[PDB]
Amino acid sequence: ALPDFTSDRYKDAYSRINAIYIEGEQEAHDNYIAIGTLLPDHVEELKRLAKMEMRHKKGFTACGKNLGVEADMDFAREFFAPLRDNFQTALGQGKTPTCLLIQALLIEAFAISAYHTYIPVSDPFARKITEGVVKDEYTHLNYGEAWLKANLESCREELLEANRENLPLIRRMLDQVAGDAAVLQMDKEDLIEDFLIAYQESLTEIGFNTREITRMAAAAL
């Protein structure tokens, strides 16, 4: 059954999960702009992507206002700190393939999983907003997949390294959100399945074979 969106129990968990949505959209915006410093000829497309992320952020901000819940932004910022630190490191070293794997692949897949899972248990206001959002993040996966597919032969090793370092962070993120997510009536196994399916499909599209992908997914352990 649907959660009681008015309960103190729900609002408490929501303050953190919703803050994660909001912060995630903000960092996605920042990341796409940042990638523009690495792909100067991609700037106008990246600006469109980043603007979409700000629309997403505004929508989740609105979802919070609607339930009367103050977002715990401090919690969210710490939650994203490991991937954010790794993204910045890559950015400073000009490592475009690592930046794309972290943002366009890992974070977008995490988003699509969270949002797909949240929809059937969301309040009616948030549901319409979130239904809009999910259609968009496939556009973002497509963007990352396209560039990486086009450049695979020069960046294969970097990508294996990027996955090795960053996929475990996604696993720890899922472990950390699981409790609050369950209060929101979201099953951890659904979140994991949806995430892994999205990621595997991106890797397939990029040109990795089944063995390579199996070895990659394994690094989560």
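All residue numbers refer to positions in the sequence shown, first residue = 1.
Quick check on the record: does 149 to 157 or 190 to 198 carry the larger mean Cα temperature factor?
Between 149 to 157 and 190 to 198, it is 149 to 157 that shows the higher mean C-alpha B-factor.
When the C-alpha temperature factors are averaged for each of 135 to 143 and 103 to 111, which stretch ends up with the higher value in the entry?
Of 103 to 111 and 135 to 143, the stretch with the higher C-alpha B-factor average is 135 to 143.
Residue with maximal Cα B-factor (values as given in the PDB entry) among 50, 39, 181, 167:
Across 50, 39, 181, 167, the entry lists the biggest C-alpha B-factor for 39.
Residue 175's Cα B-factor: lowest, middle or highest third of the chain?
Within its chain, residue 175 is a middle-third residue by C-alpha B-factor, going by the deposited values.
Ranked C-alpha temperature factor of residue 11 among modelled chain residues, by third:
According to the entry, residue 11 has a C-alpha B-factor in the chain's middle third.
Comparing against every modelled residue in the chain, figure out the third that the C-alpha B-factor of residue 130 lands in (lowest, middle or highest).
CA B-factor rank for residue 130: middle third.
Position of residue 86 among the chain's modelled residues by C-alpha B-factor, lowest, middle or highest third:
For residue 86, whose C-alpha B-factor we compare with every modelled residue in the chain, the answer is the middle third.
Record-listed C-alpha B factor of residue 204: chain third:
Middle third - that is where residue 204 ends up once the chain's C-alpha B-factors are sorted.
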